[PDB]
Amino acid sequence: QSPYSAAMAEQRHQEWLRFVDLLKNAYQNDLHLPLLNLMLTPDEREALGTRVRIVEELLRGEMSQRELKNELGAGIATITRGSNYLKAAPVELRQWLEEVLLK
Amino acid sequence: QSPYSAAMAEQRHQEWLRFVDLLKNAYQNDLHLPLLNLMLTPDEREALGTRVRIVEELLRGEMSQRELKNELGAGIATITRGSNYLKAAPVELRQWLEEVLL
Ligand SMILES: O=C(O)Cc1c[nH]c2ccccc12
Ligand SMILES: O=C(O)Cc1c[nH]c2ccccc12
C-alpha cells in the first residue's frame with residue numbers, strides 16, 4: 001500500500017518507538033554495544049560518529065565551511081542539513097548538547 | 001588520506017564510542033527522543049523500526065522469505081543480510097532478543 005497515509009504514519013511511529021524502547025532496555029542490561037552492531041551497518045555507525053562532531057562544531061561556531069569539509073569530510077549540503085536539524089532541535093536538547101559536548 | 005588505515009580505524013572507534021556514550025547520557029536525561037531525531041534522518045529511523053521486525057520474525061522462524069518481503073517490504077538481500085548479522089551476534093545478545101522480542 002501507499003506509505004503516504006495516516007495509517008502508515010502511525011505504523012512507522014509505533015515501530016520506531018519499539019526500537020527506542022528496545023535500545024533503552026539494552027542500555028539498562030549493558031547490551032547496547034552488540035545491539036547497535038546488529039541494528040546499524042558499519043557505515044551508519046561511522047556516519048553517526050561523524051554527525052556528533054558536526055553538531056559539536058556547529059554549536060561551537062569556530063570552524064567555517066571549508067574547515068568543516070576538510071576536517072570531517074562533510075560537504076556543504078550535509079553541513080547545511082545538520083544546521084537545519086540543529087535549528088529545529090528543542091531548546092532543552094540544544095542547551096544540554098552545548099553543556100555535554102563543549103564543556 | 002586513506003579510509004583503509006589503522007589510524008583511521010582508531011578514529012572511527014573513538015567517534016562511535018563518543019556517540020554511544022552521548023546517547024546513553026541522553027536516555028539518562030530523557031532526551032533520547034529529540035537526540036535521535038537530530039542524529040538520524042526519518043528514513044534511517046524508519047529502517048531501524050523495520051529492522052526490529054525483521055530480527056523478530058527471523059528469530060521466531062515462522063514466516064518465510066516471500067512472506068517477510070510482502071509484509072515488511074524488505075527484499076531477499078536485506079533479509080539475508082539481517083540473518084547474517086543475527087548469526088554473527090554474540091550469544092548474550094541473541095538470547096536476550098529472544099527473551100524480549102518473542
Ligand atoms: O542529513 C544528513 O546528511 C544526515 C544527518 C542527520 N543528522 C545530522 C546531523 C549533522 C549532520 C548531518 C546529519
Ligand atoms: O544490511 C542492511 O540491509 C541493513 C541492516 C542492518 N542491520 C539489519 C538487521 C536486520 C535487517 C537488516 C539490517
# chains A, B, ... in the order shown; residues from 1 in each chain; ligands from 1
call {"tool": "residues_around", "arguments": {"residues": "residue 23 in chain B", "least_positions_apart": "5", "cutoff": "10 Å", "atoms": "only C-alpha atoms", "output": "tab-separated table (two decimals) with N, CA, C and O atoms, in the first residue's frame"}}
result
chain	number	residue	atom	x	y	z
A	24	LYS	N	16.69	1.28	24.79
A	24	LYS	CA	16.72	1.68	26.20
A	24	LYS	C	16.97	0.47	27.09
A	24	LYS	O	17.84	0.50	27.98
A	27	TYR	N	20.54	-0.74	26.88
A	27	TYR	CA	21.42	0.06	27.74
A	27	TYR	C	21.28	-0.38	29.19
A	27	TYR	O	22.28	-0.57	29.89
B	17	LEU	N	32.28	5.45	19.80
B	17	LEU	CA	32.06	5.31	21.24
B	17	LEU	C	31.59	6.62	21.87
B	17	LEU	O	30.80	6.59	22.83
B	18	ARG	N	32.03	7.77	21.34
B	18	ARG	CA	31.51	9.03	21.84
B	18	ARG	C	30.01	9.16	21.57
B	18	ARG	O	29.26	9.65	22.43
B	28	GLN	N	19.51	8.74	29.92
B	28	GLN	CA	19.51	9.03	31.35
B	28	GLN	C	18.83	10.36	31.66
B	28	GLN	O	18.27	10.54	32.75
B	29	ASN	N	18.84	11.30	30.71
B	29	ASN	CA	18.25	12.61	30.91
B	29	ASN	C	16.92	12.79	30.18
B	29	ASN	O	16.43	13.92	30.05
B	31	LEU	N	16.25	12.70	27.10
B	31	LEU	CA	16.44	13.47	25.88
B	31	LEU	C	16.72	12.57	24.68
B	31	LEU	O	17.14	13.06	23.63
B	32	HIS	N	16.52	11.26	24.83
B	32	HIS	CA	16.86	10.35	23.74
B	32	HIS	C	15.98	10.59	22.51
B	32	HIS	O	16.45	10.49	21.38
B	33	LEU	N	14.70	10.90	22.71
B	33	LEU	CA	13.85	11.09	21.54
B	33	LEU	C	14.31	12.27	20.69
B	33	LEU	O	14.53	12.08	19.47
B	35	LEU	N	17.30	13.75	20.68
B	35	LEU	CA	18.63	13.47	20.16
B	35	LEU	C	18.56	12.55	18.94
B	35	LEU	O	19.26	12.76	17.95
B	36	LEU	N	17.73	11.50	19.01
B	36	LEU	CA	17.64	10.59	17.87
B	36	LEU	C	16.99	11.26	16.67
B	36	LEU	O	17.33	10.95	15.53
B	39	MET	N	20.05	13.14	15.23
B	39	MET	CA	21.17	12.39	14.66
B	39	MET	C	20.79	11.41	13.57
B	39	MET	O	21.67	11.00	12.82
call {"tool": "residues_near_ligand", "arguments": {"ligand": "ligand 1", "cutoff": "7 Å", "atoms": "only C-alpha atoms and all ligand atoms", "output": "PDB file with N, CA and C atoms, in the first residue's frame"}}
result
ATOM      1  N   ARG A  51      28.524  12.702  12.628  1.00  0.00           N
ATOM      2  CA  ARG A  51      27.490  13.694  12.849  1.00  0.00           C
ATOM      3  C   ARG A  51      27.579  14.270  14.255  1.00  0.00           C
ATOM      4  N   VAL A  52      28.029  13.475  15.232  1.00  0.00           N
ATOM      5  CA  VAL A  52      28.292  14.073  16.544  1.00  0.00           C
ATOM      6  C   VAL A  52      29.295  15.221  16.416  1.00  0.00           C
ATOM      7  N   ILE A  54      30.033  17.014  13.763  1.00  0.00           N
ATOM      8  CA  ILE A  54      29.425  18.128  13.036  1.00  0.00           C
ATOM      9  C   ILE A  54      28.568  18.973  13.977  1.00  0.00           C
ATOM     10  N   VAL A  55      27.713  18.322  14.768  1.00  0.00           N
ATOM     11  CA  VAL A  55      26.858  19.074  15.686  1.00  0.00           C
ATOM     12  C   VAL A  55      27.708  19.846  16.687  1.00  0.00           C
ATOM     13  N   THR A  78      25.592  18.532   3.405  1.00  0.00           N
ATOM     14  CA  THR A  78      25.480  17.811   4.669  1.00  0.00           C
ATOM     15  C   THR A  78      25.516  18.769   5.850  1.00  0.00           C
ATOM     16  N   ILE A  79      26.418  19.752   5.797  1.00  0.00           N
ATOM     17  CA  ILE A  79      26.551  20.723   6.878  1.00  0.00           C
ATOM     18  C   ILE A  79      25.290  21.566   6.998  1.00  0.00           C
ATOM     19  N   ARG A  81      22.258  20.690   6.116  1.00  0.00           N
ATOM     20  CA  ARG A  81      21.203  19.858   6.678  1.00  0.00           C
ATOM     21  C   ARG A  81      21.370  19.737   8.187  1.00  0.00           C
ATOM     22  N   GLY A  82      22.598  19.464   8.642  1.00  0.00           N
ATOM     23  CA  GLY A  82      22.847  19.395  10.075  1.00  0.00           C
ATOM     24  C   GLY A  82      22.480  20.682  10.786  1.00  0.00           C
ATOM     25  N   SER A  83      22.795  21.820  10.164  1.00  0.00           N
ATOM     26  CA  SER A  83      22.426  23.118  10.722  1.00  0.00           C
ATOM     27  C   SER A  83      20.908  23.286  10.797  1.00  0.00           C
ATOM     28  N   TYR A  85      18.723  20.782  11.135  1.00  0.00           N
ATOM     29  CA  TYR A  85      18.300  19.926  12.245  1.00  0.00           C
ATOM     30  C   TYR A  85      18.549  20.608  13.579  1.00  0.00           C
TER      31      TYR A  85
ATOM     32  N   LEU B  38      17.539  14.314  15.940  1.00  0.00           N
ATOM     33  CA  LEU B  38      18.616  15.138  15.407  1.00  0.00           C
ATOM     34  C   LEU B  38      19.665  14.298  14.681  1.00  0.00           C
ATOM     35  N   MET B  39      20.045  13.139  15.233  1.00  0.00           N
ATOM     36  CA  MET B  39      21.167  12.390  14.664  1.00  0.00           C
ATOM     37  C   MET B  39      20.789  11.412  13.569  1.00  0.00           C
ATOM     38  N   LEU B  40      19.521  11.046  13.438  1.00  0.00           N
ATOM     39  CA  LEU B  40      19.077  10.124  12.402  1.00  0.00           C
ATOM     40  C   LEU B  40      18.026  10.795  11.532  1.00  0.00           C
ATOM     41  N   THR B  41      18.136  10.590  10.223  1.00  0.00           N
ATOM     42  CA  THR B  41      17.128  11.101   9.307  1.00  0.00           C
ATOM     43  C   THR B  41      15.860  10.262   9.434  1.00  0.00           C
TER      44      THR B  41
END
call {"tool": "closest_atom_pairs", "arguments": {"of": "chain A", "to": "chain B", "cutoff": "8 Å", "atoms": "only C-alpha atoms", "output": "JSON lines"}}
result
{"residue": "A:12", "atom": "CA", "partner": "B:46", "partner_atom": "CA", "distance": 6.3}
{"residue": "A:15", "atom": "CA", "partner": "B:49", "partner_atom": "CA", "distance": 4.6}
{"residue": "A:16", "atom": "CA", "partner": "B:49", "partner_atom": "CA", "distance": 4.5}
{"residue": "A:17", "atom": "CA", "partner": "B:49", "partner_atom": "CA", "distance": 7.8}
{"residue": "A:18", "atom": "CA", "partner": "B:49", "partner_atom": "CA", "distance": 7.1}
{"residue": "A:19", "atom": "CA", "partner": "B:49", "partner_atom": "CA", "distance": 5.6}
{"residue": "A:20", "atom": "CA", "partner": "B:33", "partner_atom": "CA", "distance": 7.9}
{"residue": "A:24", "atom": "CA", "partner": "B:27", "partner_atom": "CA", "distance": 7.0}
{"residue": "A:27", "atom": "CA", "partner": "B:24", "partner_atom": "CA", "distance": 7.0}
{"residue": "A:31", "atom": "CA", "partner": "B:93", "partner_atom": "CA", "distance": 6.5}
{"residue": "A:33", "atom": "CA", "partner": "B:20", "partner_atom": "CA", "distance": 7.8}
{"residue": "A:34", "atom": "CA", "partner": "B:93", "partner_atom": "CA", "distance": 6.6}
{"residue": "A:35", "atom": "CA", "partner": "B:93", "partner_atom": "CA", "distance": 6.9}
{"residue": "A:38", "atom": "CA", "partner": "B:85", "partner_atom": "CA", "distance": 5.8}
{"residue": "A:39", "atom": "CA", "partner": "B:51", "partner_atom": "CA", "distance": 6.7}
{"residue": "A:40", "atom": "CA", "partner": "B:48", "partner_atom": "CA", "distance": 7.9}
{"residue": "A:45", "atom": "CA", "partner": "B:16", "partner_atom": "CA", "distance": 6.3}
{"residue": "A:46", "atom": "CA", "partner": "B:12", "partner_atom": "CA", "distance": 6.2}
{"residue": "A:48", "atom": "CA", "partner": "B:39", "partner_atom": "CA", "distance": 6.7}
{"residue": "A:49", "atom": "CA", "partner": "B:15", "partner_atom": "CA", "distance": 4.5}
{"residue": "A:50", "atom": "CA", "partner": "B:15", "partner_atom": "CA", "distance": 6.8}
{"residue": "A:51", "atom": "CA", "partner": "B:39", "partner_atom": "CA", "distance": 6.7}
{"residue": "A:52", "atom": "CA", "partner": "B:19", "partner_atom": "CA", "distance": 6.4}
{"residue": "A:53", "atom": "CA", "partner": "B:15", "partner_atom": "CA", "distance": 7.9}
{"residue": "A:85", "atom": "CA", "partner": "B:38", "partner_atom": "CA", "distance": 5.7}
{"residue": "A:86", "atom": "CA", "partner": "B:38", "partner_atom": "CA", "distance": 7.0}
{"residue": "A:89", "atom": "CA", "partner": "B:38", "partner_atom": "CA", "distance": 6.8}
{"residue": "A:90", "atom": "CA", "partner": "B:34", "partner_atom": "CA", "distance": 7.2}
{"residue": "A:93", "atom": "CA", "partner": "B:31", "partner_atom": "CA", "distance": 6.5}
call {"tool": "write_last_selection", "arguments": {"atoms": "N, CA and C atoms", "output": "PDB file, in the first residue's frame"}}
result
ATOM      1  N   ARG A  12       4.633   3.365  11.304  1.00  0.00           N
ATOM      2  CA  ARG A  12       6.033   3.774  11.414  1.00  0.00           C
ATOM      3  C   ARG A  12       6.337   4.324  12.801  1.00  0.00           C
ATOM      4  N   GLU A  15       6.563   1.403  15.275  1.00  0.00           N
ATOM      5  CA  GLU A  15       7.786   0.619  15.060  1.00  0.00           C
ATOM      6  C   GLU A  15       9.022   1.363  15.559  1.00  0.00           C
ATOM      7  N   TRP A  16       9.054   2.678  15.346  1.00  0.00           N
ATOM      8  CA  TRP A  16      10.168   3.486  15.823  1.00  0.00           C
ATOM      9  C   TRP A  16      10.218   3.495  17.344  1.00  0.00           C
ATOM     10  N   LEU A  17       9.073   3.741  17.988  1.00  0.00           N
ATOM     11  CA  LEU A  17       9.055   3.734  19.451  1.00  0.00           C
ATOM     12  C   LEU A  17       9.456   2.372  20.010  1.00  0.00           C
ATOM     13  N   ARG A  18       9.096   1.288  19.314  1.00  0.00           N
ATOM     14  CA  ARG A  18       9.527  -0.031  19.760  1.00  0.00           C
ATOM     15  C   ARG A  18      11.042  -0.142  19.733  1.00  0.00           C
ATOM     16  N   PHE A  19      11.670   0.313  18.645  1.00  0.00           N
ATOM     17  CA  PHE A  19      13.134   0.294  18.616  1.00  0.00           C
ATOM     18  C   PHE A  19      13.722   1.138  19.741  1.00  0.00           C
ATOM     19  N   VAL A  20      13.149   2.322  19.990  1.00  0.00           N
ATOM     20  CA  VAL A  20      13.694   3.190  21.037  1.00  0.00           C
ATOM     21  C   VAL A  20      13.626   2.501  22.400  1.00  0.00           C
ATOM     22  N   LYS A  24      16.693   1.281  24.794  1.00  0.00           N
ATOM     23  CA  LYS A  24      16.717   1.680  26.197  1.00  0.00           C
ATOM     24  C   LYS A  24      16.966   0.473  27.092  1.00  0.00           C
ATOM     25  N   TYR A  27      20.543  -0.743  26.881  1.00  0.00           N
ATOM     26  CA  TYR A  27      21.416   0.056  27.742  1.00  0.00           C
ATOM     27  C   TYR A  27      21.281  -0.383  29.191  1.00  0.00           C
ATOM     28  N   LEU A  31      23.733  -4.279  27.080  1.00  0.00           N
ATOM     29  CA  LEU A  31      23.782  -4.913  25.769  1.00  0.00           C
ATOM     30  C   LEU A  31      23.722  -3.905  24.633  1.00  0.00           C
ATOM     31  N   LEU A  33      26.016  -2.117  23.101  1.00  0.00           N
ATOM     32  CA  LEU A  33      27.026  -2.183  22.044  1.00  0.00           C
ATOM     33  C   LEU A  33      26.726  -3.281  21.025  1.00  0.00           C
ATOM     34  N   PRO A  34      26.482  -4.537  21.418  1.00  0.00           N
ATOM     35  CA  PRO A  34      26.143  -5.535  20.388  1.00  0.00           C
ATOM     36  C   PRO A  34      24.805  -5.262  19.715  1.00  0.00           C
ATOM     37  N   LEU A  35      23.825  -4.696  20.424  1.00  0.00           N
ATOM     38  CA  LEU A  35      22.571  -4.365  19.753  1.00  0.00           C
ATOM     39  C   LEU A  35      22.808  -3.361  18.635  1.00  0.00           C
ATOM     40  N   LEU A  38      24.350  -4.949  15.668  1.00  0.00           N
ATOM     41  CA  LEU A  38      23.381  -5.703  14.880  1.00  0.00           C
ATOM     42  C   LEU A  38      22.492  -4.774  14.054  1.00  0.00           C
ATOM     43  N   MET A  39      21.995  -3.695  14.671  1.00  0.00           N
ATOM     44  CA  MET A  39      20.933  -2.896  14.076  1.00  0.00           C
ATOM     45  C   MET A  39      21.438  -1.826  13.117  1.00  0.00           C
ATOM     46  N   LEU A  40      22.725  -1.496  13.153  1.00  0.00           N
ATOM     47  CA  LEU A  40      23.293  -0.483  12.274  1.00  0.00           C
ATOM     48  C   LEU A  40      24.465  -1.063  11.499  1.00  0.00           C
ATOM     49  N   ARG A  45      27.224   3.489  11.526  1.00  0.00           N
ATOM     50  CA  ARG A  45      27.894   3.840  12.774  1.00  0.00           C
ATOM     51  C   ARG A  45      28.948   4.919  12.543  1.00  0.00           C
ATOM     52  N   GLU A  46      29.731   4.780  11.471  1.00  0.00           N
ATOM     53  CA  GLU A  46      30.707   5.810  11.144  1.00  0.00           C
ATOM     54  C   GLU A  46      30.023   7.152  10.935  1.00  0.00           C
ATOM     55  N   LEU A  48      27.179   8.179  12.196  1.00  0.00           N
ATOM     56  CA  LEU A  48      26.708   8.731  13.465  1.00  0.00           C
ATOM     57  C   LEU A  48      27.859   9.364  14.238  1.00  0.00           C
ATOM     58  N   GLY A  49      29.023   8.710  14.231  1.00  0.00           N
ATOM     59  CA  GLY A  49      30.175   9.297  14.894  1.00  0.00           C
ATOM     60  C   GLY A  49      30.555  10.637  14.296  1.00  0.00           C
ATOM     61  N   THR A  50      30.470  10.744  12.968  1.00  0.00           N
ATOM     62  CA  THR A  50      30.827  11.994  12.307  1.00  0.00           C
ATOM     63  C   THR A  50      29.794  13.081  12.570  1.00  0.00           C
ATOM     64  N   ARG A  51      28.524  12.702  12.628  1.00  0.00           N
ATOM     65  CA  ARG A  51      27.490  13.694  12.849  1.00  0.00           C
ATOM     66  C   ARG A  51      27.579  14.270  14.255  1.00  0.00           C
ATOM     67  N   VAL A  52      28.029  13.475  15.232  1.00  0.00           N
ATOM     68  CA  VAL A  52      28.292  14.073  16.544  1.00  0.00           C
ATOM     69  C   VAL A  52      29.295  15.221  16.416  1.00  0.00           C
ATOM     70  N   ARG A  53      30.373  15.015  15.646  1.00  0.00           N
ATOM     71  CA  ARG A  53      31.396  16.050  15.536  1.00  0.00           C
ATOM     72  C   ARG A  53      30.882  17.252  14.760  1.00  0.00           C
ATOM     73  N   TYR A  85      18.723  20.782  11.135  1.00  0.00           N
ATOM     74  CA  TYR A  85      18.300  19.926  12.245  1.00  0.00           C
ATOM     75  C   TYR A  85      18.549  20.608  13.579  1.00  0.00           C
ATOM     76  N   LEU A  86      19.711  21.250  13.724  1.00  0.00           N
ATOM     77  CA  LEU A  86      20.034  21.936  14.969  1.00  0.00           C
ATOM     78  C   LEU A  86      19.068  23.081  15.230  1.00  0.00           C
ATOM     79  N   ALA A  89      15.937  21.681  16.623  1.00  0.00           N
ATOM     80  CA  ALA A  89      16.000  20.945  17.878  1.00  0.00           C
ATOM     81  C   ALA A  89      15.303  21.717  19.000  1.00  0.00           C
ATOM     82  N   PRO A  90      14.669  21.013  19.938  1.00  0.00           N
ATOM     83  CA  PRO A  90      14.095  21.700  21.102  1.00  0.00           C
ATOM     84  C   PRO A  90      15.192  22.315  21.958  1.00  0.00           C
ATOM     85  N   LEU A  93      17.259  20.151  24.442  1.00  0.00           N
ATOM     86  CA  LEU A  93      18.292  19.329  23.821  1.00  0.00           C
ATOM     87  C   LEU A  93      19.512  20.161  23.455  1.00  0.00           C
TER      88      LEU A  93
END
call {"tool": "select_by_dssp", "arguments": {"residues": "chain B", "states": "helix (DSSP H, G or I)", "output": "ChimeraX atom specification"}}
result
/B:6-28,32-39,42-60,65-72,76-88,91-101
call {"tool": "residues_around", "arguments": {"residues": "residue 97 in chain A", "least_positions_apart": "4", "cutoff": "9 Å", "atoms": "only C-alpha atoms", "output": "ChimeraX atom specification"}}
result
/A:55-56,59,92-93,101-102
call {"tool": "write_last_selection", "arguments": {"atoms": "N, CA and C atoms", "output": "compact mmCIF listing (two decimals), in the first residue's frame"}}
result
# COMPACT_ATOMS: atom_id res chain seq x y z
N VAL A 55 27.71 18.32 14.77
CA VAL A 55 26.86 19.07 15.69
C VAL A 55 27.71 19.85 16.69
N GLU A 56 28.76 19.20 17.21
CA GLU A 56 29.66 19.87 18.15
C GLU A 56 30.27 21.12 17.54
N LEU A 59 27.73 23.95 16.94
CA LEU A 59 27.42 24.63 18.19
C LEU A 59 28.58 25.49 18.66
N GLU A 92 15.79 22.49 25.12
CA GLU A 92 16.39 21.65 26.16
C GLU A 92 17.50 20.77 25.60
N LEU A 93 17.26 20.15 24.44
CA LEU A 93 18.29 19.33 23.82
C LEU A 93 19.51 20.16 23.46
N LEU A 101 28.86 18.57 25.15
CA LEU A 101 29.81 18.46 24.05
C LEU A 101 30.90 19.52 24.06
N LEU A 102 30.63 20.69 24.65
CA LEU A 102 31.57 21.80 24.61
C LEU A 102 32.25 22.08 25.94
call {"tool": "closest_residue", "arguments": {"among": "A:6, A:37, A:1, A:23", "to": "ligand 2", "atoms": "only C-alpha atoms and all ligand atoms"}}
result
A:37
call {"tool": "closest_residue", "arguments": {"among": "A:84, A:64, A:95, A:41", "to": "ligand 2", "atoms": "only C-alpha atoms and all ligand atoms"}}
result
A:41
call {"tool": "atom_distance", "arguments": {"atom1": "CA of residue 63 in chain B", "atom2": "CA of residue 3 in chain A"}}
result
22.5 Å
call {"tool": "closest_residue", "arguments": {"among": "A:42, A:74, A:99, A:94", "to": "ligand 2", "atoms": "only C-alpha atoms and all ligand atoms"}}
result
A:42
call {"tool": "atom_distance", "arguments": {"atom1": "atom 13 (C, counted along the ligand's line) of ligand 2", "atom2": "CA of residue 80 in chain B"}}
result
8.8 Å
call {"tool": "atom_distance", "arguments": {"atom1": "atom 10 (C, counted along the ligand's line) of ligand 2", "atom2": "CA of residue 56 in chain B"}}
result
9.1 Å
